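Each residue of the sequence shown is one higher than the one before, counting from -1 in the deposited numbering.
Worksheet: one structure, shown below.
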Amino acid sequence: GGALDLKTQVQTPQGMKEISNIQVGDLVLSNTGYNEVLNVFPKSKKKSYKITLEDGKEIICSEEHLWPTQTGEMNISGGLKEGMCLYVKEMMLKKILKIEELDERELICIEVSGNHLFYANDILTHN
């Protein structure tokens, strides 16, 4: 799937954890409850972007990383823009204020079960 900055926080039953410390078999919170981490991939340096929401939430992801919106999943390469809304916990729409290009950063991909979604920095994201 996509890739997210190493320090991105995901919600486990035992508390928030940085995604670089997530292991296969961990549980991560989604909009439906907890999905299981089915796989992790090696971190790698990738061109990255920062999405900043109107409520101050920020997430750093790859250009093709998919984000649920009210009109369907979208990524930055496929035309996710400032002025559109993402879902924050719990399923509250929040406007994207800025999308900025952040140069090369270490990003990491995890894959989860179920609806393949999980909250990342409290923003609902796709695998």
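Cβ coordinates follow ideal geometry from the N, Cα and C atoms, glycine included.
Where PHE116 falls, given that 16 or more other Cβ within 10 Å makes a residue buried: Its Cβ being crowded by 16 or more others within 10 Å, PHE116 is buried.
Grab the span of the beta strand (DSSP E) containing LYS92 for me, first residue to last. From DSSP, the beta strand (DSSP E) with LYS92 extends over 90 to 106.
Range covered by the beta strand (DSSP E) that runs through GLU16: First-last of the beta strand (DSSP E) with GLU16: 13 to 16.
How many angstroms separate the CA atom of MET90 from the CA atom of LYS43? Distance between the alpha carbons of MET90 and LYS43: 32 Å.
When the distance is taken between beta carbons, is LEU105 closer than 8 Å to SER46? Contact flag set, yes.
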